[PDB]
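Presented as structure tokens, the chain that follows is alone, the form deposited in one PDB entry.
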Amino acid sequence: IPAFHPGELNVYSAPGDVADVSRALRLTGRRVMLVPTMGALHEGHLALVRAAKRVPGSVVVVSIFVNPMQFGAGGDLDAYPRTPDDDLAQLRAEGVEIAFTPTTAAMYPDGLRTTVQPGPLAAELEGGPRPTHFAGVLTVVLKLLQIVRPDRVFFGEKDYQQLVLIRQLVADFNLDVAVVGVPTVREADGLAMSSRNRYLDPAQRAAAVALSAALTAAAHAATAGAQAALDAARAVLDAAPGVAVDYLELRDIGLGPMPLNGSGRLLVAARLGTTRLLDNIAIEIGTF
């Protein structure tokens, strides 16, 4: 197996290297935590790391890999933010002991061949206009899970549909990992942290507060019912300059084929210029 220096940041690119180190660590009683990311790390990612660090006897593995298979033609893959130096600097500051930074060739030596086919949820919301997006996400997450074999894996709640689908992956394939969702870290005004907030100009940044404002307004309006919650959120979004709403939907918490009962999730996606922002919030109807 390769070298592992505790208390320091060990960076591996070969899947076999991280697999060997992970398995060796687990066999000595350390529990392995995975935080899989596409890099361009921000305090929200750091919240995931800190959650992982809190598990007694944990060793934390952070993966950074911009996965080509969840993008389609149109420039999105090339445009994805890449800040490798800041990423690794942040991991050192947080006391992370393992970064896993695979090459595209190491992950996809045979190109696209066997893949994960998600359930019907993948064709809705974010997946509506992007039919293969979630198949790309679930395929890479499955791979990272098999390479690293963590005890627990950590995701932010901002991409809530992705998190739900990942829970479906884990249940449906009987994966022996616990999925931990971490509540969304926010800027002071309430804006959900995102690696894509950097693409908001000052005017768009100002207007972007409307998403979180709309969601929180709805969460409080919800004592008066679903229609009131939805209309409160719509009013706020409508009052906001240059916010073009793509959807605003209130669903059951698992987003699945069942109606809303008392507990729901309200999800929003909107464009500000060319920048697509997402946010979501827990909703209790009538209310709790």
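Residues that one form lacks are left out of the comparison. We call the rigid core the largest set of C-alpha positions that still match within 1.5 Å between the two forms. The numbering used is simple: start at 1 and walk along the sequence shown.
In what follows, reference is made to the form deposited in another entry, a form of this protein that is not presented.
- Once the rigid core is overlaid between this form and the one not shown, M258 counts among the residues whose Cα shifts by 2 Å or more.
- CA of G254 to CA of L260: farther apart by 3 Å or more in the other entry than in the shown form.
- If you compare C-alpha positions, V268 and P257 are 3 angstroms or more closer together in the other entry than in the form on display.
- Mapped along the sequence, displacements between this form and the one not shown of 2 angstroms or more at every C-alpha, sustained over at least 3 residues after core alignment, occur at 72-75, 256-261.
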